[PDB]
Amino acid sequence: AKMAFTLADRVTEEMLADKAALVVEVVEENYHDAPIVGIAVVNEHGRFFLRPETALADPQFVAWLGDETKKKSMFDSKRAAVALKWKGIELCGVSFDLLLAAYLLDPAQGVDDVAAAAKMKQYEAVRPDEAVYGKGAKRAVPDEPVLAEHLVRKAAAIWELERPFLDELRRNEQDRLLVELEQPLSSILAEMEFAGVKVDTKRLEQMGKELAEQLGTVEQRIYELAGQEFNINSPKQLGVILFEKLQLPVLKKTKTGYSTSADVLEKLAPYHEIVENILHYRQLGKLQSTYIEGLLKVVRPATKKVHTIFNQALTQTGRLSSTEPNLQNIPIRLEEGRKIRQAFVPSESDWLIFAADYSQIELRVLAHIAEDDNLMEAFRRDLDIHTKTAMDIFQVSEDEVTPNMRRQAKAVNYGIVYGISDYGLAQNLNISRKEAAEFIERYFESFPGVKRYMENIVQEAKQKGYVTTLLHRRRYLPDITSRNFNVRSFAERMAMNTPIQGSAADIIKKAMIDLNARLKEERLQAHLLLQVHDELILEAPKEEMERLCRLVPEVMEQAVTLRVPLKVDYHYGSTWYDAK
């Protein structure tokens, strides 16, 4: 169609109205220190394209960007706010984010550009980003006339789409979810990303050297026990060595061949001691490629900071994800890998890392939603839920529960409600299927409210076509009412899990908002560095630690009010490792 706009040479007053759609275009997927390629503004007065050299050097435009009373509608304002922070420019007054609006309406659409959001409301006057920029190796900023139209069309779409999106969100009881939760969170995340996390690169390099030496050792020992050289990192080549050369029993097959999973290898340990060396090599290899080589590749060598990106509009359940680097999967469960955490350090001298974590938040959320008398009682009385379950499924008194029995009970606790089978429980814990089935019966008899939640939540999903979380986030499950046992089954387990995992996401998000408010309120230097699903990581001057110790846990625990209390553990020290 025909859409008129001003390809402007200079900023003018009518471009600085107090309500506008604004596009600050960053074409690099990773927007940290990335170029801004163009600016579009659409308001009551018209449509404008501005060259970034010009607009970002203009004191009036920069003031307008920074003024919170001048309201902007955008798509992915976090991308813009961060790219602008790298250029030394503050962005304020973002009142609508089309990306977050589309995400809330349906995460399954995987909306990742203005065009994809526009399609939800049959708005077609805008091209997909991939069509304008090209895919893969063809990725390129087009000629200025083409770029300018594309950006103005994006700004025009946001301008037209705000009301229809807000109208549907309001209808879904998700309007406060957008304006009071996700949008404020976006600003908090932008600050966390830009600040970054400081890394001890010398320590990482030292670990890397040693690891390469252990790797070399374990590798040769594997070749020696196998009587051949092969690529150990090739599950397929490893399959041949284990199941053809060594004639080890084939315990599991996939559509592609023999499994060499950690679980299969565990079950093969009575047969040959090689499998235990292979497990060791894989643990070492992971630390090396992922957490040494990977981290050092992205660290900024002049500041020693890593700058992750929290994807706020990706997961189906309302969790965040973290990329380039992922800081939500740094090792903790085994002591060797946990030491990577010593390389995560305060950004200034005399600062400390502070870490706080919800205790068993998903099971507390389950207690609340299911209204199981027995489960609710456990949390109100501050009992250990994993020990209690152990007592119920092993039919023993409390003192008889072993640390191993607690671990098995933890697997039961995080498995049954989400649809684990007796088979799955038997395979995962390497125990008899008959006993696994008894565990499952005893659990349900001990927590009958949980059995009824599973039945009721699946019924609700079938009747409504979606499930909802505590703060009204939705996930649609069109696959749920199918005759196809597998497709229906996978959808049923999503119905069981999403309300629990998604409600836990809602609670921590609200917690981050409340916390930001107070830190700023009491004018502390403390700020957030990271969120890890049910944990918050901060850094602060050491003097601030007696305050954080009282403030952080309280904000966290009172974020929402449930039919059971929420519990938070917290720790500080001179590295992330030490914050335990």
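The numbering used is simple: start at 1 and walk along the sequence shown.
Trainee: Comparing 84-92 with 254-262, where is the mean C-alpha B-factor higher?
Mentor: Result: 254-262.
Trainee: Between 561-569 and 21-29, which has the larger average Cα B-factor in the PDB entry?
Mentor: Per the PDB record, 561-569.
Trainee: Between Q109, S359, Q408, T315, which carries the biggest CA temperature factor in the record?
Mentor: Spelled out: the listed residue with the top C-alpha B-factor is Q408.
Trainee: Of the choices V132, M496, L189, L363, which one's C-alpha carries the largest B-factor in the record?
Mentor: Within the set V132, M496, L189, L363, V132 shows the top C-alpha B-factor.
Trainee: Where does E544 sit by CA temperature factor within its chain: lowest, middle or highest third?
Mentor: Highest third, going by the recorded CA B-factors of the chain.
Trainee: When the deposited Cα B-factors of this chain's modelled residues are ordered and cut into thirds, is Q525 in the lowest, the middle or the highest one?
Mentor: According to the entry, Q525 has a C-alpha B-factor in the chain's highest third.
Trainee: Would you please rank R380 by its C-alpha temperature factor against the other modelled residues of its chain and give the third it falls in: lowest, middle or highest?
Mentor: Tercile = highest for this residue's CA B-factor.
Trainee: With respect to C-alpha B-factor, does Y103 fall in the lowest, middle or highest third of the chain as deposited?
Mentor: Ranked within chain, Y103 CA B lands in the lowest tercile.
Trainee: Ranking the modelled residues of this chain by C-alpha B-factor as given in the entry, is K119 in the lowest, middle or highest third?
Mentor: As the PDB entry reports it, the C-alpha B-factor of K119 lands in the middle third of its chain.
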